[PDB]
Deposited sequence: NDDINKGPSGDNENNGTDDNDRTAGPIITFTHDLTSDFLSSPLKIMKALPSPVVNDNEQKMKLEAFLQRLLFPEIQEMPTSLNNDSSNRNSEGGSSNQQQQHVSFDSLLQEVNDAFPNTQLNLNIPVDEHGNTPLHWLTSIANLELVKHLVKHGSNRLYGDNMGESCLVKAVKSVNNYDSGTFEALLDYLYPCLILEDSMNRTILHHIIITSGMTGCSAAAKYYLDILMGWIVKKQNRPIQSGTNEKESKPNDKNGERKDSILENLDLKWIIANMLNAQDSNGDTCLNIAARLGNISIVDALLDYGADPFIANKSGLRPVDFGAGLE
């Protein structure tokens, strides 16, 4: 199928310069308490979209709807909320109507990270479909310089056999290969165009977080052999040591 693309948040230098890992945008700090009021109203309305939208825009005609404002104490935006509950329909609507996918919460974690972490609400099939809309987050780094691979490895290594997270790594790499042969359609940008397996190997597979840990180093300590082997297969380097001078081969990986 075609990939429903959006461009309202893919611009500036995050969609032209040679694609690289970037920090998630700081949680928005919108002063106008009126915009926070109109949105609070809109969210309650949820619990068709175009109809509910036309309503709140006529009820609060003075200020425009701003979905890009933190809605709880963790810095979650409306998009983080909807993503954590696996509501793909609403996620696509919010993104369609302004939700900036590059925003991190208090910890600089994107909504895709929130998806990865909410192992109770996602399916293997559901996660892959989510990528069509949140692929821009694949290049985001959080407050601990952790990438989406660090989180997938952390979550899968610490969760069980009944959690869908055990499949996210292979699904993500599969999605990258598959979108190479897919057409786009409004609802290719620099990410869909340059993010390939070559790019993953050079910028993500061996990236190091605040502790110098590559996701392979973390996997080597969690004790799930299949995760370690998967990473080695894709090409993870077992000799990159962290800040404690420990490497993956120190744990028998490689």
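- In sequence order, the gaps in C-alpha coverage of the deposited chain fall at 1-24, 72-103, 244-258, 326-327.
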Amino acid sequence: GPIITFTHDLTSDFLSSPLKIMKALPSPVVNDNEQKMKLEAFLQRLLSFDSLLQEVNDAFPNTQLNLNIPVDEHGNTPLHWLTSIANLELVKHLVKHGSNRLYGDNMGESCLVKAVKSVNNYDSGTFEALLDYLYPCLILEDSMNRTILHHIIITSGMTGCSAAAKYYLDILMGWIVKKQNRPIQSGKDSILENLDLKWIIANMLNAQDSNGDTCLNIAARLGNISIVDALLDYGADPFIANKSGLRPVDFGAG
From here on, numbers count along this sequence of modelled residues.
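- As the entry records it, the average C-alpha temperature factor is higher for 118-126, out of 150-158 and 118-126.
- In this entry, 24-32 has the higher mean Cα B-factor, the comparison being between 209-217 and 24-32.
- Within the listed group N194, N203, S226, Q54, the record reports its top CA B-factor for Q54.
- Annotation for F239: C-alpha temperature factor in the middle third relative to the rest of the modelled chain, per the entry.
- Sort the chain's modelled residues by C-alpha temperature factor and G174 lands in the lowest third, per the entry.
- The entry lists a Cα temperature factor for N181 that places it in the highest third of the chain's modelled residues.
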